[PDB]
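Below is one structure, written out as structure tokens, with a few remarks after it.
Nothing fancy with the numbering, it's 1 onward along the sequence.
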Amino acid sequence: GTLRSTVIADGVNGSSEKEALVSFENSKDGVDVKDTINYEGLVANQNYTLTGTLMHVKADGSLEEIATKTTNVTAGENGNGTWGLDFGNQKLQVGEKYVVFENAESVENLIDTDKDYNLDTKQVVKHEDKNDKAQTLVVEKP
Ligand SMILES: [Ca+2]
Ligand SMILES: [Ca+2]
């Protein structure tokens with residue numbers, strides 16, 4: 001299973017090649033932060049707990065949690081599709097970089113890990129890549 005993500009910051013999307021650039025003007029009333037999560041290789045019609053974390057990237061490369069959103073979601077027809085997380089309006093600061101991390105954990109056991117054809121382990125998929133520009137926003141200087 002995989003998760004991929006796109007941050008949408010004041011209506012500006014991240015991409016693999018370019019962080020979402022949020023103008024200082026846009027940031028003055030806070031930054032509306034949403035995230036769309038493309039999942040593949042999950043189990044069709046099964047419930048997952050989806051956790052998104054908006055991380056502030058500090059000068060030393062360490063991360064601190066700004067916002068967290070947890071939803072209860074269901075995998076599609078064929079175990080693939082898109083979920084969303086709306087973090088709402090966030091008070092993000094000029095010159096700073098923020099990145100969205102995502103985790104999905106099946107509510108039930110979905111994996112047999114000991115060849116007895118009984119399910120014993122949850123499926124866990126994560127995307128925790130602070131270098132993924134598609135998940136990254138930067139607040140620009142005035
Ligand atoms: Ca704004
Ligand atoms: Ca088993």
Side-chain angles (χ1 to χ4, degrees), residues 1-16 19-24 26-76 78-141:
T2 61
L3 301 182
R4 294 298 180 262
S5 65
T6 303
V7 70
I8 308 92
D10 273 346
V12 178
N13 60 296
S15 78
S16 60
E19 303 90 343
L21 300 179
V22 179
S23 70
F24 176 71
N26 276 353
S27 83
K28 284 178 167 186
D29 63 350
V31 181
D32 301 311
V33 181
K34 298 186 181 64
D35 196 84
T36 62
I37 305 96
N38 290 351
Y39 60 89
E40 298 281 343
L42 301 193
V43 185
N45 315 132
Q46 308 313 295
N47 291 303
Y48 291 76
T49 306
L50 176 65
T51 307
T53 309
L54 180 62
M55 293 292 200
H56 173 222
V57 184
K58 296 158 54 181
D60 70 0
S62 71
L63 302 193
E64 60 182 351
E65 174 178 317
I66 297 301
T68 181
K69 183 144 180 81
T70 301
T71 63
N72 209 274
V73 292
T74 309
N78 283 105
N80 56 63
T82 307
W83 296 318
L85 291 172
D86 186 354
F87 295 89
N89 190 94
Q90 298 293 147
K91 303 309 179 174
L92 307 188
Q93 299 304 316
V94 64
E96 299 300 314
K97 184 167 53 172
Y98 307 82
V99 61
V100 187
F101 284 8
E102 310 75 43
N103 183 96
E105 175 180 291
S106 62
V107 177
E108 293 189 338
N109 292 147
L110 291 181
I111 302 171
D112 175 23
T113 65
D114 57 7
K115 302 185 169 57
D116 73 352
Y117 288 76
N118 283 248
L119 304 176
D120 59 72
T121 296
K122 293 172 182 187
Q123 181 179 30
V124 176
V125 185
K126 67 188 51 159
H127 188 64
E128 298 181 336
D129 183 358
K130 72 179 185 181
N131 303 311
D132 182 358
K133 292 192 184 52
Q135 298 290 15
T136 304
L137 74 94
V138 178
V139 183
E140 299 185 295
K141 291 172 167 183

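To the nearest 0.5 angstrom, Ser27 atom OG is 11.5 Å from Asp32 atom CG. In this structure, CG on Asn89 lies 6.5 Å from CG on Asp29, to the nearest 0.5 angstrom. Summarising the geometry, atom CD1 belonging to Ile37 is positioned 11.5 Å from atom CG belonging to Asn103; distances are rounded to the nearest 0.5 Å. Note that the CD atom of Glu65 and the OG1 atom of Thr53 stand 5.0 Å from one another [nearest 0.5 Å].
Remark: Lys28 pairs with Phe24, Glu25 by the side chain to side chain contact (heavy atoms under 4.5 Å, CB included) rule, at least two apart or across chains. In this structure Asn47 satisfies the side chain to side chain contact (heavy atoms under 4.5 Å, CB included) test together with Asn72, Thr74, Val107, sequence neighbours excluded. A search for side-chain hydrogen bond (donor to acceptor under 3.5 Å, both in side chains) contacts involving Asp120 returns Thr113, not counting sequence neighbours. Under the salt bridge (charged side-chain N to carboxylate O under 4.0 Å, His left out) criterion, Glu40 pairs with no residue, sequence neighbours left out. Residues meeting the side chain to side chain contact (heavy atoms under 4.5 Å, CB included) test with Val73, sequence neighbours left out: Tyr48, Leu50, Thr71, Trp83. Residues that satisfy the side chain to side chain contact (heavy atoms under 4.5 Å, CB included) test with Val125, not counting sequence neighbours, are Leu3, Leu42, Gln123. With sequence neighbours left out, the salt bridge (charged side-chain N to carboxylate O under 4.0 Å, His left out) criterion links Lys97 to no other residue. The side-chain hydrogen bond (donor to acceptor under 3.5 Å, both in side chains) test applied to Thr82 returns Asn38, not counting sequence neighbours.
Here the closest heavy-atom approach between residue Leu54 and residue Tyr98 is recorded as CD1-CB, 3.9 Å. Scanning both residues, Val139 and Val94, for their nearest heavy atoms gives CG1-CA, 3.7 Å. Nearest heavy atom pair, residue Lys130 against residue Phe101, reads N-CE1, 3.6 Å. The nearest pair of heavy atoms linking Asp10 to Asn26 is OD2-O, 2.9 Å. Shortest non-hydrogen contact noted between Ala44 and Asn78 is CB-N, 3.6 Å. Closest of all the heavy-atom pairs between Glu19 and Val138 is CB-CG2, 4.1 Å.
Panel note: side chain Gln93, backbone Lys91; a donor-acceptor pair is recorded below 3.5 Å. Looking only at distances, no side-chain donor or acceptor of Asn109 sits under 3.5 Å from a matching main-chain atom of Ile111. Counting only distance, with no hydrogens or angles, the side chain of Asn118 and the backbone of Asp116 share a donor-acceptor pair below 3.5 Å.
Remark: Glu108 CD is loosely packed, at most 12 non-hydrogen atoms of other residues, nucleotides or ligands lying under 6.0 Å away.
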Sequence neighbours excluded and cut-off under 3.5 Å, please list the side-chain donor-acceptor pairs for residues 56-63, or say none.
from  : atom 1 : to    : atom 2 : distance (Å)
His56 : ND1    : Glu64 : OE2    : 2.6
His56 : NE2    : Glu96 : OE1    : 2.6
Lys58 : NZ     : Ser62 : OG     : 3.2
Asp60 : OD1    : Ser62 : N      : 2.9
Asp60 : OD1    : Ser62 : OG     : 2.7

